[PDB]
$ cat structure.pdb   # PDB, C-alpha atoms
ATOM      1  CA  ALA X   1      18.183  -3.416  22.464
ATOM      2  CA  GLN X   2      14.800  -5.018  21.835
ATOM      3  CA  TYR X   3      14.289  -3.005  18.677
ATOM      4  CA  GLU X   4      17.453  -2.728  16.555
ATOM      5  CA  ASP X   5      18.292  -0.920  13.330
ATOM      6  CA  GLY X   6      18.838  -3.659  10.739
ATOM      7  CA  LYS X   7      16.489  -5.967  12.620
ATOM      8  CA  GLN X   8      12.764  -5.056  12.680
ATOM      9  CA  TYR X   9      13.550  -2.026  10.602
ATOM     10  CA  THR X  10      16.286  -0.304   8.647
ATOM     11  CA  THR X  11      17.137   3.386   8.591
ATOM     12  CA  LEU X  12      17.220   5.352   5.360
ATOM     13  CA  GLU X  13      20.624   6.517   4.162
ATOM     14  CA  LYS X  14      18.862   9.660   3.114
ATOM     15  CA  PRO X  15      15.762  10.690   5.058
ATOM     16  CA  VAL X  16      12.762  12.107   3.269
ATOM     17  CA  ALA X  17      11.497  15.451   4.528
ATOM     18  CA  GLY X  18       7.767  16.277   4.524
ATOM     19  CA  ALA X  19       6.893  12.588   4.156
ATOM     20  CA  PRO X  20       3.566  11.129   5.318
ATOM     21  CA  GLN X  21       3.755   9.753   8.866
ATOM     22  CA  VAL X  22       2.947   6.188   7.857
ATOM     23  CA  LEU X  23       3.512   5.525   4.163
ATOM     24  CA  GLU X  24       2.745   2.109   2.753
ATOM     25  CA  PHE X  25       3.484   0.877  -0.829
ATOM     26  CA  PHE X  26       1.895  -2.081  -2.618
ATOM     27  CA  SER X  27       1.119  -3.579  -6.042
ATOM     28  CA  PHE X  28      -1.987  -5.523  -7.007
ATOM     29  CA  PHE X  29       0.515  -7.887  -8.687
ATOM     30  CA  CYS X  30       2.461  -8.369  -5.454
ATOM     31  CA  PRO X  31       1.799 -11.739  -3.762
ATOM     32  CA  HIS X  32       2.810 -10.682  -0.238
ATOM     33  CA  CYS X  33       0.673  -7.587  -0.712
ATOM     34  CA  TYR X  34      -2.293  -9.831  -1.303
ATOM     35  CA  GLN X  35      -1.573 -11.633   1.957
ATOM     36  CA  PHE X  36      -1.059  -8.268   3.749
ATOM     37  CA  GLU X  37      -4.526  -7.216   2.653
ATOM     38  CA  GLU X  38      -6.630 -10.396   2.649
ATOM     39  CA  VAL X  39      -5.043 -12.641   5.254
ATOM     40  CA  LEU X  40      -3.103 -10.362   7.652
ATOM     41  CA  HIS X  41      -5.007  -7.053   7.455
ATOM     42  CA  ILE X  42      -1.759  -5.216   8.192
ATOM     43  CA  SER X  43      -2.942  -1.661   7.495
ATOM     44  CA  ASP X  44      -5.904  -2.099   9.721
ATOM     45  CA  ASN X  45      -3.967  -3.603  12.599
ATOM     46  CA  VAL X  46      -1.308  -0.917  12.349
ATOM     47  CA  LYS X  47      -3.996   1.756  12.517
ATOM     48  CA  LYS X  48      -5.488   0.102  15.629
ATOM     49  CA  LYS X  49      -2.190   0.658  17.424
ATOM     50  CA  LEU X  50      -1.415   4.125  16.135
ATOM     51  CA  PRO X  51      -2.041   7.185  18.377
ATOM     52  CA  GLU X  52      -4.138  10.319  18.081
ATOM     53  CA  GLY X  53      -3.530  12.508  15.044
ATOM     54  CA  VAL X  54      -1.766   9.993  12.829
ATOM     55  CA  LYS X  55      -2.716   9.742   9.178
ATOM     56  CA  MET X  56      -1.975   6.677   7.085
ATOM     57  CA  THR X  57      -1.121   6.779   3.400
ATOM     58  CA  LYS X  58      -1.147   3.884   0.920
ATOM     59  CA  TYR X  59       0.235   4.143  -2.612
ATOM     60  CA  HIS X  60       0.355   1.804  -5.636
ATOM     61  CA  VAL X  61       3.557   1.296  -7.671
ATOM     62  CA  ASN X  62       4.439   0.957 -11.368
ATOM     63  CA  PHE X  63       7.363  -1.474 -11.416
ATOM     64  CA  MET X  64       5.271  -4.661 -11.457
ATOM     65  CA  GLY X  65       3.035  -5.801 -14.287
ATOM     66  CA  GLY X  66       4.221  -3.446 -17.000
ATOM     67  CA  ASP X  67       1.432  -1.658 -18.843
ATOM     68  CA  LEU X  68      -1.315  -2.963 -16.538
ATOM     69  CA  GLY X  69       0.779  -1.989 -13.524
ATOM     70  CA  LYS X  70       0.613   1.642 -14.606
ATOM     71  CA  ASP X  71      -3.105   1.369 -15.287
ATOM     72  CA  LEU X  72      -3.514   0.063 -11.762
ATOM     73  CA  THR X  73      -1.598   3.016 -10.377
ATOM     74  CA  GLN X  74      -3.972   5.327 -12.247
ATOM     75  CA  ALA X  75      -6.973   3.315 -10.977
ATOM     76  CA  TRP X  76      -5.728   3.484  -7.418
ATOM     77  CA  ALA X  77      -5.559   7.261  -7.894
ATOM     78  CA  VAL X  78      -9.190   7.102  -9.028
ATOM     79  CA  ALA X  79     -10.069   5.097  -5.918
ATOM     80  CA  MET X  80      -8.302   7.629  -3.641
ATOM     81  CA  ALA X  81     -10.019  10.562  -5.372
ATOM     82  CA  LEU X  82     -13.484   9.022  -5.004
ATOM     83  CA  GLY X  83     -12.782   7.606  -1.574
ATOM     84  CA  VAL X  84     -13.661   4.091  -2.634
ATOM     85  CA  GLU X  85     -10.489   2.261  -1.639
ATOM     86  CA  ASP X  86     -12.335  -0.071   0.660
ATOM     87  CA  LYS X  87     -14.700  -1.217  -2.036
ATOM     88  CA  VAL X  88     -12.250  -1.980  -4.810
ATOM     89  CA  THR X  89      -9.152  -3.236  -3.018
ATOM     90  CA  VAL X  90     -10.310  -6.773  -2.523
ATOM     91  CA  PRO X  91     -11.846  -7.300  -6.032
ATOM     92  CA  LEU X  92      -8.768  -5.785  -7.680
ATOM     93  CA  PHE X  93      -6.431  -8.179  -5.830
ATOM     94  CA  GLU X  94      -8.593 -11.172  -6.650
ATOM     95  CA  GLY X  95      -9.064 -10.072 -10.248
ATOM     96  CA  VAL X  96      -5.314  -9.813 -10.772
ATOM     97  CA  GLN X  97      -4.007 -12.741  -8.684
ATOM     98  CA  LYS X  98      -6.893 -15.182  -8.038
ATOM     99  CA  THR X  99      -9.331 -15.268 -10.977
ATOM    100  CA  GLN X 100      -6.996 -13.509 -13.405
ATOM    101  CA  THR X 101      -9.946 -11.753 -14.977
ATOM    102  CA  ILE X 102      -8.176  -8.397 -15.036
ATOM    103  CA  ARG X 103      -6.226  -8.083 -18.269
ATOM    104  CA  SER X 104      -6.940  -4.578 -19.485
ATOM    105  CA  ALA X 105      -7.908  -1.115 -18.341
ATOM    106  CA  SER X 106     -11.505  -2.024 -19.209
ATOM    107  CA  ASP X 107     -11.438  -4.984 -16.827
ATOM    108  CA  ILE X 108     -10.208  -2.715 -14.041
ATOM    109  CA  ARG X 109     -13.072  -0.388 -14.827
ATOM    110  CA  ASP X 110     -15.549  -3.306 -14.527
ATOM    111  CA  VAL X 111     -14.445  -3.843 -10.922
ATOM    112  CA  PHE X 112     -15.390  -0.245 -10.124
ATOM    113  CA  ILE X 113     -18.723  -0.555 -12.009
ATOM    114  CA  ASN X 114     -19.544  -3.737 -10.148
ATOM    115  CA  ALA X 115     -18.619  -1.987  -6.905
ATOM    116  CA  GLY X 116     -21.260   0.630  -7.641
ATOM    117  CA  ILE X 117     -19.221   3.542  -8.974
ATOM    118  CA  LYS X 118     -20.993   5.040 -11.973
ATOM    119  CA  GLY X 119     -19.474   4.877 -15.446
ATOM    120  CA  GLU X 120     -19.621   8.620 -16.049
ATOM    121  CA  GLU X 121     -18.111   9.139 -12.592
ATOM    122  CA  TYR X 122     -15.236   6.674 -13.086
ATOM    123  CA  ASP X 123     -14.401   7.887 -16.577
ATOM    124  CA  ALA X 124     -14.516  11.517 -15.487
ATOM    125  CA  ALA X 125     -12.195  10.779 -12.546
ATOM    126  CA  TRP X 126      -9.906   8.612 -14.715
ATOM    127  CA  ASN X 127      -9.288  11.535 -17.085
ATOM    128  CA  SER X 128      -9.174  14.248 -14.405
ATOM    129  CA  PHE X 129      -6.023  16.317 -13.634
ATOM    130  CA  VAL X 130      -6.765  15.717  -9.956
ATOM    131  CA  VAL X 131      -6.109  12.055 -10.676
ATOM    132  CA  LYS X 132      -3.068  13.013 -12.798
ATOM    133  CA  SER X 133      -1.398  14.775  -9.867
ATOM    134  CA  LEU X 134      -2.449  11.927  -7.570
ATOM    135  CA  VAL X 135      -0.569   9.560  -9.923
ATOM    136  CA  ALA X 136       2.334  12.040  -9.757
ATOM    137  CA  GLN X 137       2.267  11.903  -5.949
ATOM    138  CA  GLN X 138       2.431   8.113  -5.892
ATOM    139  CA  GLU X 139       5.375   8.083  -8.226
ATOM    140  CA  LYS X 140       7.210  10.862  -6.398
ATOM    141  CA  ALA X 141       6.872   9.220  -2.972
ATOM    142  CA  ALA X 142       8.243   5.945  -4.334
ATOM    143  CA  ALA X 143      11.060   7.773  -6.121
ATOM    144  CA  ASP X 144      12.024   9.610  -2.949
ATOM    145  CA  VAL X 145      12.870   6.250  -1.221
ATOM    146  CA  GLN X 146      14.598   3.994  -3.821
ATOM    147  CA  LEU X 147      11.609   1.757  -4.036
ATOM    148  CA  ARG X 148      12.506  -1.523  -5.738
ATOM    149  CA  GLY X 149      10.343  -3.760  -3.590
ATOM    150  CA  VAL X 150       6.856  -4.112  -2.165
ATOM    151  CA  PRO X 151       5.148  -4.465   0.268
ATOM    152  CA  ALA X 152       6.874  -1.576   2.056
ATOM    153  CA  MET X 153       6.116   0.677   4.958
ATOM    154  CA  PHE X 154       8.052   3.827   5.847
ATOM    155  CA  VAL X 155       7.650   5.723   9.089
ATOM    156  CA  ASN X 156       8.191   9.523   9.035
ATOM    157  CA  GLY X 157      10.302   9.295   5.913
ATOM    158  CA  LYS X 158      13.187   7.757   7.840
ATOM    159  CA  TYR X 159      12.466   4.191   8.965
ATOM    160  CA  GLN X 160      11.562   1.245   6.758
ATOM    161  CA  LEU X 161       9.869  -1.830   8.203
ATOM    162  CA  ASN X 162      11.818  -5.069   7.902
ATOM    163  CA  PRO X 163       9.335  -7.951   8.116
ATOM    164  CA  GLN X 164      12.045 -10.427   7.083
ATOM    165  CA  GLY X 165      13.340 -10.115  10.632
ATOM    166  CA  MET X 166      10.119 -11.087  12.444
ATOM    167  CA  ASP X 167       8.888 -14.639  13.185
ATOM    168  CA  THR X 168       6.442 -16.135  10.674
ATOM    169  CA  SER X 169       5.424 -19.305  12.510
ATOM    170  CA  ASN X 170       2.292 -17.620  13.750
ATOM    171  CA  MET X 171       0.401 -15.197  11.507
ATOM    172  CA  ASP X 172      -1.176 -13.246  14.347
ATOM    173  CA  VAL X 173       2.117 -12.841  16.190
ATOM    174  CA  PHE X 174       3.757 -11.536  13.018
ATOM    175  CA  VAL X 175       1.081  -8.905  12.557
ATOM    176  CA  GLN X 176       1.341  -7.612  16.131
ATOM    177  CA  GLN X 177       5.109  -7.532  15.956
ATOM    178  CA  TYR X 178       4.798  -5.582  12.742
ATOM    179  CA  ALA X 179       2.222  -3.196  14.202
ATOM    180  CA  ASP X 180       4.094  -2.770  17.516
ATOM    181  CA  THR X 181       7.182  -1.930  15.483
ATOM    182  CA  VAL X 182       5.345   0.808  13.613
ATOM    183  CA  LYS X 183       4.117   2.210  16.940
ATOM    184  CA  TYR X 184       7.677   2.152  18.385
ATOM    185  CA  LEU X 185       9.062   3.902  15.291
ATOM    186  CA  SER X 186       6.190   6.354  15.412
ATOM    187  CA  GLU X 187       7.169   7.341  18.976
ATOM    188  CA  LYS X 188      10.882   7.537  18.091
TER     189      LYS X 188
END

$ encode --input "structure.pdb" --output "structure tokens"
Amino acid sequence: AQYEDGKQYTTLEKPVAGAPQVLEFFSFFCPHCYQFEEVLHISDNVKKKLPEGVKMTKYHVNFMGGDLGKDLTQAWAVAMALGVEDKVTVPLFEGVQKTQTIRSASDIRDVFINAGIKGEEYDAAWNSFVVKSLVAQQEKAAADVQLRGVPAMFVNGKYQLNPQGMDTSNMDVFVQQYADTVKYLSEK
């Protein structure tokens, strides 16, 4: 077939019921994740090819960057709660991987301050139980699927994208292949 299990995707041994339709995992410490965001704009191109009625979910993970990794998972929860993902994603990536100016929870906070979120508002969110359960959700979703690597995309809790089996000569061709594969899996 043109799309084959083990080729552009793999199938989960054990499928995850009630899963978000399109579930993406990343780490701000993850070098291919940086590319996926800054250079390839994967999430955005996937969404451009997804149908009516399809929600996209993106979660941070703990297993990279030790203590700061966990802080970043809590901060991503803050971003989701405030709806400011699109203002902090880029400066968080660059702060971790490019300028390496993010070394503590306070430095993460600075990125939000600089992005225009108010101190009171960030600190209140940071300590909120709404953010606590949002952290819980990120961890649970990753636990449900044996997540040992990022970037990762799961469709309907049963298919996992396999970008290793797509051509990487051309960046634009890779992205469309990736997005077309999500669409195909979505329709499956």

$ atom_distance --input "structure.pdb" --atom1 "atom CA of residue 181 of chain X" --atom2 "atom CA of residue 85 of chain X"
25.0 Å

$ atom_distance --input "structure.pdb" --atom1 "atom CA of residue 93 of chain X" --atom2 "atom CA of residue 149 of chain X"
17.5 Å

$ resolve_selection --input "structure.pdb" --expression "the PyMOL selection byres ((chain X and resi 16) around 8)" --output "ChimeraX atom specification"
/X:14-15,17-19,144-145,156-158

$ closest_residue --input "structure.pdb" --among "X:40, X:55, X:72, X:77" --to "residue 137 of chain X" --atoms "all atoms listed in the file"
X:77

$ closest_residue --input "structure.pdb" --among "X:8, X:97, X:74, X:62" --to "residue 109 of chain X" --atoms "all atoms listed in the file"
X:74

$ atom_distance --input "structure.pdb" --atom1 "atom CA of residue 110 of chain X" --atom2 "atom CA of residue 78 of chain X"
13.4 Å

$ closest_atom_pairs --input "structure.pdb" --of "segment 15-107 of chain X" --to "segment 163-178 of chain X" --cutoff "9 Å" --atoms "all atoms listed in the file" --output "CSV"
residue,atom,partner,partner_atom,distance
X:39,CA,X:171,CA,8.7
X:40,CA,X:175,CA,6.6
X:41,CA,X:175,CA,8.2
X:42,CA,X:175,CA,6.4
X:45,CA,X:175,CA,7.3
X:46,CA,X:178,CA,7.7

$ residues_around --input "structure.pdb" --residues "segment 100-104 of chain X" --least-positions-apart "2" --cutoff "12 Å" --atoms "only C-alpha atoms" --output "ChimeraX atom specification"
/X:28-29,65-72,75,91-98,106-112

$ closest_residue --input "structure.pdb" --among "X:183, X:87, X:60, X:7" --to "residue 147 of chain X" --atoms "only C-alpha atoms"
X:60

$ decode --input "structure.pdb" --residues "segment 15-43 of chain X" --atoms "N, CA, C and O atoms" --output "mmCIF file, in the first residue's frame"
data_model
loop_
_atom_site.group_PDB
_atom_site.id
_atom_site.type_symbol
_atom_site.label_atom_id
_atom_site.label_comp_id
_atom_site.auth_asym_id
_atom_site.auth_seq_id
_atom_site.Cartn_x
_atom_site.Cartn_y
_atom_site.Cartn_z
ATOM 1 N N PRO X 15 -4.078 0.359 22.429
ATOM 2 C CA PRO X 15 -4.688 1.608 21.983
ATOM 3 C C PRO X 15 -5.208 2.335 23.193
ATOM 4 O O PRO X 15 -5.566 1.699 24.187
ATOM 5 N N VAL X 16 -5.273 3.654 23.097
ATOM 6 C CA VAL X 16 -5.646 4.483 24.224
ATOM 7 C C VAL X 16 -7.020 5.102 23.999
ATOM 8 O O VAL X 16 -7.205 5.989 23.158
ATOM 9 N N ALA X 17 -7.997 4.579 24.733
ATOM 10 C CA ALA X 17 -9.362 5.076 24.678
ATOM 11 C C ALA X 17 -9.496 6.502 25.220
ATOM 12 O O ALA X 17 -8.792 6.887 26.155
ATOM 13 N N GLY X 18 -10.424 7.260 24.634
ATOM 14 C CA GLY X 18 -10.762 8.611 25.063
ATOM 15 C C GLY X 18 -9.710 9.655 24.774
ATOM 16 O O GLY X 18 -9.820 10.800 25.217
ATOM 17 N N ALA X 19 -8.691 9.249 24.020
ATOM 18 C CA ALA X 19 -7.548 10.098 23.661
ATOM 19 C C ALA X 19 -7.944 11.271 22.764
ATOM 20 O O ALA X 19 -8.916 11.185 22.017
ATOM 21 N N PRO X 20 -7.229 12.398 22.889
ATOM 22 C CA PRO X 20 -7.426 13.504 21.948
ATOM 23 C C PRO X 20 -7.158 13.051 20.517
ATOM 24 O O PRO X 20 -6.271 12.220 20.282
ATOM 25 N N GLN X 21 -7.905 13.607 19.574
ATOM 26 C CA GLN X 21 -7.829 13.233 18.169
ATOM 27 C C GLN X 21 -6.410 13.317 17.623
ATOM 28 O O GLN X 21 -5.882 12.355 17.055
ATOM 29 N N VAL X 22 -5.809 14.489 17.766
ATOM 30 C CA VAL X 22 -4.416 14.691 17.391
ATOM 31 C C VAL X 22 -3.676 15.189 18.621
ATOM 32 O O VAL X 22 -3.922 16.289 19.099
ATOM 33 N N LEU X 23 -2.784 14.343 19.118
ATOM 34 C CA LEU X 23 -2.036 14.563 20.345
ATOM 35 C C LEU X 23 -0.567 14.632 20.021
ATOM 36 O O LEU X 23 0.004 13.661 19.539
ATOM 37 N N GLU X 24 0.044 15.772 20.307
ATOM 38 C CA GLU X 24 1.439 15.992 19.990
ATOM 39 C C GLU X 24 2.250 16.185 21.286
ATOM 40 O O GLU X 24 1.773 16.872 22.199
ATOM 41 N N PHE X 25 3.424 15.552 21.406
ATOM 42 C CA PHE X 25 4.293 15.775 22.579
ATOM 43 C C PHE X 25 5.621 16.413 22.203
ATOM 44 O O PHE X 25 6.230 16.039 21.203
ATOM 45 N N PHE X 26 6.105 17.339 23.033
ATOM 46 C CA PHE X 26 7.395 17.970 22.773
ATOM 47 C C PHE X 26 8.140 18.287 24.081
ATOM 48 O O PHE X 26 7.577 18.179 25.181
ATOM 49 N N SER X 27 9.402 18.697 23.958
ATOM 50 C CA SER X 27 10.129 19.271 25.096
ATOM 51 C C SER X 27 10.850 20.520 24.614
ATOM 52 O O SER X 27 11.309 20.570 23.489
ATOM 53 N N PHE X 28 10.940 21.545 25.446
ATOM 54 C CA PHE X 28 11.692 22.723 25.036
ATOM 55 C C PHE X 28 13.191 22.434 24.979
ATOM 56 O O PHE X 28 13.983 23.260 24.487
ATOM 57 N N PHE X 29 13.581 21.247 25.442
ATOM 58 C CA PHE X 29 14.978 20.791 25.416
ATOM 59 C C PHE X 29 15.283 19.948 24.174
ATOM 60 O O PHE X 29 16.431 19.649 23.855
ATOM 61 N N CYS X 30 14.231 19.617 23.452
ATOM 62 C CA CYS X 30 14.265 18.675 22.335
ATOM 63 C C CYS X 30 14.630 19.367 21.023
ATOM 64 O O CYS X 30 13.877 20.183 20.515
ATOM 65 N N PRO X 31 15.793 19.038 20.463
ATOM 66 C CA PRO X 31 16.293 19.725 19.261
ATOM 67 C C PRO X 31 15.418 19.549 18.032
ATOM 68 O O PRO X 31 15.291 20.502 17.278
ATOM 69 N N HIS X 32 14.837 18.371 17.795
ATOM 70 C CA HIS X 32 13.938 18.254 16.643
ATOM 71 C C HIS X 32 12.636 18.981 16.895
ATOM 72 O O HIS X 32 11.971 19.425 15.951
ATOM 73 N N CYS X 33 12.274 19.137 18.170
ATOM 74 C CA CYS X 33 11.076 19.896 18.510
ATOM 75 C C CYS X 33 11.239 21.349 18.140
ATOM 76 O O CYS X 33 10.321 22.003 17.662
ATOM 77 N N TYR X 34 12.427 21.860 18.367
ATOM 78 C CA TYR X 34 12.753 23.225 17.978
ATOM 79 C C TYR X 34 12.544 23.445 16.478
ATOM 80 O O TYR X 34 11.906 24.409 16.028
ATOM 81 N N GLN X 35 13.101 22.530 15.706
ATOM 82 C CA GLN X 35 12.950 22.527 14.254
ATOM 83 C C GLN X 35 11.457 22.460 13.878
ATOM 84 O O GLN X 35 10.968 23.293 13.112
ATOM 85 N N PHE X 36 10.726 21.530 14.502
ATOM 86 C CA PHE X 36 9.297 21.323 14.246
ATOM 87 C C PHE X 36 8.512 22.609 14.441
ATOM 88 O O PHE X 36 7.512 22.856 13.748
ATOM 89 N N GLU X 37 8.928 23.402 15.425
ATOM 90 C CA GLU X 37 8.252 24.655 15.705
ATOM 91 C C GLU X 37 8.750 25.798 14.827
ATOM 92 O O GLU X 37 7.952 26.430 14.126
ATOM 93 N N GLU X 38 10.064 26.021 14.813
ATOM 94 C CA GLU X 38 10.629 27.238 14.218
ATOM 95 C C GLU X 38 10.833 27.161 12.714
ATOM 96 O O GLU X 38 10.595 28.126 11.988
ATOM 97 N N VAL X 39 11.248 25.988 12.252
ATOM 98 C CA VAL X 39 11.672 25.816 10.866
ATOM 99 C C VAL X 39 10.601 25.165 9.988
ATOM 100 O O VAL X 39 10.405 25.576 8.832
ATOM 101 N N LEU X 40 9.945 24.137 10.543
ATOM 102 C CA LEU X 40 8.945 23.332 9.816
ATOM 103 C C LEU X 40 7.480 23.704 10.061
ATOM 104 O O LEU X 40 6.639 23.495 9.183
ATOM 105 N N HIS X 41 7.175 24.281 11.220
ATOM 106 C CA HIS X 41 5.812 24.685 11.538
ATOM 107 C C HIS X 41 4.850 23.523 11.330
ATOM 108 O O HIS X 41 3.825 23.656 10.665
ATOM 109 N N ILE X 42 5.231 22.381 11.884
ATOM 110 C CA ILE X 42 4.473 21.132 11.749
ATOM 111 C C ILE X 42 3.037 21.254 12.227
ATOM 112 O O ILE X 42 2.108 20.921 11.497
ATOM 113 N N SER X 43 2.842 21.723 13.460
ATOM 114 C CA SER X 43 1.488 21.781 14.030
ATOM 115 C C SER X 43 0.566 22.568 13.142
ATOM 116 O O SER X 43 -0.581 22.189 12.883
#
